[PDB]
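One file, start.txt, is given below (compact mmCIF, C-alpha atoms).
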```txt
# COMPACT_ATOMS: atom_id res chain seq x y z
CA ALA H 2 14.00 -17.32 25.97
CA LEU H 3 17.80 -17.57 25.78
CA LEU H 4 20.21 -20.18 24.52
CA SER H 5 22.29 -22.07 27.07
CA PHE H 6 25.28 -19.74 26.57
CA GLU H 7 23.67 -16.40 25.66
CA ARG H 8 23.15 -14.63 29.00
CA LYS H 9 26.77 -13.53 29.52
CA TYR H 10 26.84 -11.65 26.18
CA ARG H 11 23.73 -9.51 26.85
CA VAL H 12 25.44 -6.43 28.26
CA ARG H 13 24.73 -2.72 27.94
CA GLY H 14 26.50 -0.30 25.59
CA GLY H 15 27.83 -0.17 22.07
CA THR H 16 25.13 1.96 20.43
CA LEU H 17 25.66 4.61 17.76
CA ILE H 18 22.71 6.71 18.98
CA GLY H 19 19.98 6.33 21.58
CA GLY H 20 21.86 5.18 24.67
CA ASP H 21 19.73 2.98 26.91
CA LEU H 22 16.43 4.46 25.72
CA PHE H 23 16.05 1.65 23.15
CA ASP H 24 18.64 -0.81 24.56
CA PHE H 25 16.58 -3.96 25.02
CA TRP H 26 15.26 -7.10 23.33
CA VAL H 27 11.83 -8.20 22.13
CA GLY H 28 11.87 -11.98 22.02
CA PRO H 29 15.05 -12.91 20.15
CA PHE H 30 15.20 -9.58 18.32
CA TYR H 31 17.39 -6.69 19.47
CA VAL H 32 15.87 -3.23 19.14
CA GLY H 33 17.73 0.03 19.20
CA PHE H 34 17.19 3.36 17.50
CA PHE H 35 17.50 1.72 14.10
CA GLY H 36 15.10 -0.98 15.08
CA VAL H 37 12.38 1.60 15.62
CA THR H 38 13.03 3.31 12.28
CA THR H 39 13.06 -0.03 10.42
CA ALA H 40 9.72 -1.07 11.91
CA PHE H 41 8.06 2.25 11.02
CA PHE H 42 9.33 2.34 7.43
CA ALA H 43 8.64 -1.33 6.66
CA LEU H 44 5.12 -1.30 8.12
CA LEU H 45 4.21 1.90 6.26
CA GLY H 46 5.51 0.46 2.99
CA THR H 47 3.60 -2.81 3.34
CA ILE H 48 0.35 -1.08 4.33
CA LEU H 49 0.62 1.25 1.33
CA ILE H 50 1.31 -1.71 -0.97
CA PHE H 51 -1.87 -3.43 0.21
CA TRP H 52 -3.95 -0.23 -0.06
CA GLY H 53 -2.75 0.09 -3.65
CA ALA H 54 -3.68 -3.56 -4.21
CA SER H 55 -7.18 -2.89 -2.87
CA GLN H 56 -7.58 0.08 -5.22
CA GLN H 57 -6.26 -1.89 -8.21
CA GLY H 58 -9.04 -4.46 -7.80
CA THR H 59 -7.24 -7.74 -7.05
CA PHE H 60 -5.68 -9.29 -3.95
CA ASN H 61 -4.03 -12.19 -5.82
CA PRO H 62 -0.32 -12.23 -4.86
CA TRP H 63 0.64 -13.17 -8.42
CA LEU H 64 -1.25 -10.26 -10.00
CA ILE H 65 -0.58 -7.29 -7.70
CA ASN H 66 1.21 -4.53 -9.62
CA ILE H 67 2.24 -1.05 -8.46
CA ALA H 68 3.96 0.83 -11.25
CA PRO H 69 6.09 3.97 -11.75
CA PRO H 70 4.64 7.00 -13.58
CA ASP H 71 4.67 7.91 -17.25
CA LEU H 72 7.79 9.39 -18.82
CA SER H 73 5.93 12.66 -19.45
CA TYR H 74 6.09 13.50 -15.73
CA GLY H 75 9.89 13.64 -15.81
CA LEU H 76 11.52 13.99 -12.40
CA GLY H 77 8.48 15.61 -10.75
CA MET H 78 5.82 14.06 -8.56
CA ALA H 79 2.83 12.28 -10.10
CA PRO H 80 -0.69 11.83 -8.70
CA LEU H 81 -0.73 9.13 -6.03
CA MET H 82 -2.80 6.76 -8.17
CA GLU H 83 -0.84 7.30 -11.42
CA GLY H 84 2.58 6.37 -10.03
CA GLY H 85 3.05 8.43 -6.85
CA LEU H 86 2.51 5.49 -4.52
CA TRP H 87 5.52 3.86 -6.20
CA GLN H 88 7.66 6.89 -5.31
CA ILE H 89 6.53 6.89 -1.68
CA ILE H 90 7.15 3.14 -1.36
CA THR H 91 10.61 3.60 -2.90
CA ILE H 92 11.50 6.20 -0.27
CA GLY L 55 6.48 -0.42 -15.73
CA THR L 56 6.85 -2.41 -18.92
CA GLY L 57 10.24 -1.21 -19.97
CA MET L 58 8.93 -0.33 -23.40
CA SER L 59 10.74 2.79 -24.52
CA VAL L 60 13.39 3.86 -27.09
CA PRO L 61 16.60 5.66 -25.98
CA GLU L 62 18.57 8.43 -27.93
CA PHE L 63 21.36 11.03 -27.34
CA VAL L 64 20.24 14.63 -27.73
CA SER L 65 23.14 15.62 -29.88
CA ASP L 66 21.97 12.91 -32.29
CA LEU L 67 18.35 14.02 -32.19
CA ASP L 68 19.42 17.55 -33.15
CA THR L 69 21.37 16.43 -36.22
CA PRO L 70 19.12 16.16 -39.26
CA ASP L 71 19.59 13.62 -42.07
CA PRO L 72 22.18 15.49 -44.12
CA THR L 73 20.51 14.84 -47.51
CA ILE L 74 17.31 16.71 -46.76
CA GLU L 75 19.08 19.92 -47.72
CA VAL L 76 20.44 18.47 -50.97
CA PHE L 77 16.91 17.65 -52.02
CA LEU L 78 15.52 21.11 -51.28
CA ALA L 79 18.18 22.62 -53.48
CA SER L 80 17.19 20.47 -56.45
CA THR L 81 13.41 20.81 -56.43
CA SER L 82 10.92 23.11 -58.14
CA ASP L 83 7.18 23.74 -58.30
CA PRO L 84 5.12 22.25 -61.16
CA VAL L 85 4.07 24.41 -64.11
CA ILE L 86 0.32 24.17 -64.74
CA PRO L 87 -0.38 23.27 -68.40
CA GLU L 88 -2.13 25.99 -70.38
CA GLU L 89 -4.80 25.67 -73.07
CA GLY L 90 -3.52 23.45 -75.88
CA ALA L 91 0.13 23.45 -74.85
CA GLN L 92 2.80 21.89 -77.05
CA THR L 93 4.02 18.53 -75.74
CA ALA L 94 7.47 16.94 -75.73
CA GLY L 95 6.73 14.47 -78.48
CA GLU L 96 5.86 17.27 -80.88
CA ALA L 97 9.24 18.85 -80.16
CA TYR L 98 11.71 15.93 -80.05
CA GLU L 99 11.79 12.16 -80.66
CA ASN L 100 11.09 10.56 -77.27
CA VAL L 101 9.66 7.53 -75.52
CA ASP L 102 6.00 6.88 -74.89
CA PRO L 103 6.08 7.15 -71.06
CA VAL L 104 7.44 10.69 -71.18
CA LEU L 105 5.77 11.88 -74.42
```

Output the structure of this file as structure tokens.
Amino acid sequence: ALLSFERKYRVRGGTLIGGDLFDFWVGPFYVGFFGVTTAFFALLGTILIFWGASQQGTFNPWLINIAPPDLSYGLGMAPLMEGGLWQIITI
Amino acid sequence: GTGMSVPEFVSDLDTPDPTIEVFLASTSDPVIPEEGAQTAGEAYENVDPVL
């Protein structure tokens, strides 16, 4: 659904990358190439947060905690349960 | 995740307390007393704690 004055502004063009392959709208939202990359990254991050919450043992929104690794790991990668999920979610 | 850690420069961590070396240059090993050794009070006039 459109506002009373919105139809004349919905033209084609003005994309950095993608052309008319992603040049459309879903509801009020505009999607483009960067709308597909945002959806993927955000959904993956949220699903991983809730998987970590399930493995922690609580689903209480106040008490969910996903933490970085110990200092002894330095700048390397830690096991996914001892702080690696935090690194993936940060990316 | 707590934020509980203590920070230090590595040039400061490699600099020892400078008086450790003064001590090591003023210290000696004890001398084990022998059988019936002569004490300090039988050689001078001193105070009870050190006699």

Item to check | Distance query stretch 24-32 of chain H at most 12 Å, only C-alpha atoms, self and fewer than 3 positions along chain excluded, as number ranges by chain | outcome: H: 2-4, 7, 11-21, 35-40

Chain H residues near chain L (8 Å cut-off, all atoms listed in the file) as a compact mmCIF listing (two decimals) with C-alpha atoms, in the coordinates of the input:
```
# COMPACT_ATOMS: atom_id res chain seq x y z
CA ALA H 68 3.96 0.83 -11.25
CA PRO H 69 6.09 3.97 -11.75
CA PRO H 70 4.64 7.00 -13.58
```

Item to check | Surrounding residues of residue H:48 excluding itself and chain neighbours under 5 positions, 12 Å, all atoms listed in the file, as an MDAnalysis selection string | outcome: chainID H and resid 41:43 53:55 86 89:90

I need the residues from that last selection saved to file as a PDB file, in the frame of the given file (with C-alpha atoms), if you can.
```pdb
ATOM      1  CA  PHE H  41       8.060   2.250  11.020  1.00  0.00           C
ATOM      2  CA  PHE H  42       9.330   2.340   7.430  1.00  0.00           C
ATOM      3  CA  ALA H  43       8.640  -1.330   6.660  1.00  0.00           C
ATOM      4  CA  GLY H  53      -2.750   0.090  -3.650  1.00  0.00           C
ATOM      5  CA  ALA H  54      -3.680  -3.560  -4.210  1.00  0.00           C
ATOM      6  CA  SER H  55      -7.180  -2.890  -2.870  1.00  0.00           C
ATOM      7  CA  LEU H  86       2.510   5.490  -4.520  1.00  0.00           C
ATOM      8  CA  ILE H  89       6.530   6.890  -1.680  1.00  0.00           C
ATOM      9  CA  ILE H  90       7.150   3.140  -1.360  1.00  0.00           C
TER      10      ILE H  90
END
```

Checklist entry - If we count only C-alpha atoms, what is near stretch 85-96 of chain L at a cut-off of 7 Å, once residues fewer than 3 positions away on the same chain are taken out, given as a PyMOL selection string? => result chain L and resi 99-100+105

Next on the checklist: Rounded to one decimal, what separation in Å do you get between atom CA of residue H:59 and atom CA of residue H:92?
Outcome noted: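 Pair atom CA of residue H:59 / atom CA of residue H:92 returns 24.3 Å.
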
Item to check | Separation of atom CA of residue L:65 from atom CA of residue H:76, in Å and rounded to one decimal | outcome: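 Result for atom CA of residue L:65 versus atom CA of residue H:76: 21.1 Å, one decimal.
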
Checklist entry - When distances are computed from all atoms listed in the file, which of H:49, H:22, H:5, H:57 shows the smallest separation from residue H:83? => result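 Smallest separation from residue H:83 among the options: H:57.
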
Next on the checklist: For a test of reading the model, state the distance in Å between atom CA of residue H:50 and atom CA of residue H:80, rounded to one decimal.
Outcome noted: 15.7 Å
